[PDB]
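This document opens with one chain alone, in C-alpha cells, the form deposited without the ligand.
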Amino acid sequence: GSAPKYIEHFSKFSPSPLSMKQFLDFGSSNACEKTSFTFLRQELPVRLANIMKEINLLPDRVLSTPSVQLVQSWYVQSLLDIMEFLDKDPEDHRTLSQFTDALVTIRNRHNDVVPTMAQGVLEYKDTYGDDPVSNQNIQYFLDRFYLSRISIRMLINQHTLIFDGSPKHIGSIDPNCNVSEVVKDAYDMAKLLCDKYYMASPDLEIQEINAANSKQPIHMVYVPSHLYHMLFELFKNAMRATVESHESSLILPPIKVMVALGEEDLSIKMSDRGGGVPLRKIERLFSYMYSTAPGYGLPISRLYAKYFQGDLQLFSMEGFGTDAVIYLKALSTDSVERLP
C-alpha cells in the first residue's frame, strides 16, 4: 500500500494549533462547512501522521505488542479514509455530507483507545518490569499520544456538531460557561455514585472570587465537557478519601471549591479532608504505570487542562487532606491548542 508514504509526507507538516476565537469563527454559521472541509482534510492527516510516526519510532519491545499494533491499525485506516476526500469537490454537498459521516466512523473507531493503550501498559509491566526509566518513557509517549487524540476529537466534534443539519453553544464550546454550574453538575454525579457505594456523601461548598468584578458570576469560553471530566474525576477521589477516612467518625467534612477569576488565569481549587497522601507517592497519581493494575482519569484530566494552555496540580498534607487546582486561561485569546 501507500500508508508509509502518506505518513512520511504529512509528517513533514507541523500541526497547526488553533485558538478559541478561530474555533468560534469556524462554526459561526453553516456557510463555513466548505472552509472546514478544506481545512480538516489537510489538518487531520498531518496530526494523524505526526503521532503515527512517533508510534513507529517506539522501541520494538513496545511497538510489536498487539495493543500498539491494533491502535496503529485504526490510525492507518482513518488516514486512508480521509485521503479519499483530498481530490473531491467542496462545492458538491454530497462530498461534505460524506465527509461528516466519515469523521463519525473515525470517532467511533478510536472510542476504545484509552483502555486498549492501558492494556499495553499492564502487559509491559508484567513483561519487562516497572522501572523508573520505563515510567518516564511511557509517560512521555502517552501524554503526547492522548493529547493528540484530544486534539483530533476536538476538530471532529466541532465539525459533526456544527455542520450537521441546520446559536448559544458553538459545538462543544460554550462562550458563556458558568464554572460553578459545571462544578455542581460534576459533584451531583459523583454524589450519586458515592451515595450508592458508601451510603454517605460529603457536601459541597462553592465560593467565587471575581477580582475585577466582585459578585459578578464567573463565565468563560471553554469546552464544558472537558471541565466536567476534570472536576468529575477529582470529586470521585476526594469523596472516597473523605468517606473512607471518616468511617469511624460521625462528622463528614465537606468538599470545598474555590473559583477565582484573575487578569490571566481562572483557577478552581478543590479541597478535602481525606487524610492526605505522602509526598513520596504524589507522583503515582499522575503516572500511567503506577495507576495500572490487573484508571487514567487524573493523568488524562491534566491533559485536558494543558490542551488549552492550562494545568492541573495536586498538593497534599498527610494527616489532613489534599488540594487540587485546575489552571485555565481566562481569556480566549490565550486559549490556544497545545499539540505534541
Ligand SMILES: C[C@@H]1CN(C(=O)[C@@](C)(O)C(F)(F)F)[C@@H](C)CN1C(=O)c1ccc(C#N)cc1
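Counting begins at 1, following the sequence as shown.
Just so it is clear, the following notes concern the form solved in complex with the ligand, a form of the same protein that is not shown.
- This chain is drawn without the ligand; in the deposited bound form, the residue among 106, 204, 220, 155 with a heavy atom within 4.5 Å of it is 155.
- Shown alone here, residue 330 lies farther than 4.5 Å from the ligand in the deposited bound form, counting heavy atoms only.
- Contact between residue 305 and the ligand in the deposited bound form is not found at the 4.5 Å heavy atom cutoff.
- Remark: residue 40 counts among the residues lining the ligand in the deposited bound form, judged by a heavy atom distance of 4.5 Å or less.
- Heavy atoms of residue 23 reach within 4.5 Å of the ligand in the deposited bound form, making it an interface residue.
- Here the chain stands alone, but in the deposited bound form its contact with the ligand, taken as any heavy atom within 4.5 Å, falls in 156-164 among 221-229, 156-164, 176-184, 76-84.
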